[PDB]
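Presented as structure tokens, the chain that follows is alone, the form deposited in one PDB entry.
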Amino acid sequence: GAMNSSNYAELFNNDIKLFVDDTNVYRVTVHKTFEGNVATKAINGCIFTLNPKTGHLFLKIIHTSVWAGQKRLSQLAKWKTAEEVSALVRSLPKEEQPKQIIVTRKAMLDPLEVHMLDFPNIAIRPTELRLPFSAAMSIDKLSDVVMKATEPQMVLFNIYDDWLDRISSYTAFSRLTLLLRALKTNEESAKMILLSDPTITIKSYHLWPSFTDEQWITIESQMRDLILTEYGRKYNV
């Protein structure tokens, strides 16, 4: 059923699973028209499809041309997401296909279930966790590839860089969700924390800086402080 704090270790067992987050599929800027009305302009989006055990990121870029001439775009975006996830699964070898797909928003359940009717043994699950995957577009290299796309495209990154060489997937996911929660709560401050020290660089084939184990502890501490602060600045406490 629903994935929550109680069954959290299931994410890191050996049953293949994917999170699917659709919060950046349909993106717009709202602006005024010459007549003084309001209109939207779509920008490129992405489906965020993530294996939490391995760090695999199947980033399907949603080019604005997919919306051309379509109505009810927020509804269509859920079905387009489900179409692309189903296509990804069908593209994967049988032994690589997930046994479960966890959607981060319950409105994805029926679209995904219907597109996956051909896969009755793949469980489609909601979650009670409030995951911060919307902040994926605060990762500079992901934002860059999405905005530069001139056509539909799938791009494949590991969102954990090389962390699994040194830490477990539970700890890697905890680090990832902490980083993304911070970027979501105060993006400027979070990026200041991550890049303040010029001697620590991001490898060309990586998304995050090449911190030592000790530096990650410092970084992770600074991110918790940020989230607690903002929670202070927010509610005044």
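So that the term is clear: the rigid core is the largest set of C-alpha atoms that superpose within 1.5 Å between two forms. Sequential numbering from 1, following the sequence displayed.
We do not show the form solved in complex with a partner chain, though everything after this point is about it.
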Options 50-58, 166-174, 208-216, 195-203; stretch whose heavy atom lies within 4.5 Å of the partner chain in the entry with it bound: 195-203
Can you pick the one in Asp162, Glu96, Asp140, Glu128 that has a heavy atom within 4.5 Å of the partner chain in the entry with it bound? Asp140
After fitting the core, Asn37 CA displacement of 2 Å or more between the shown form and the other one: yes
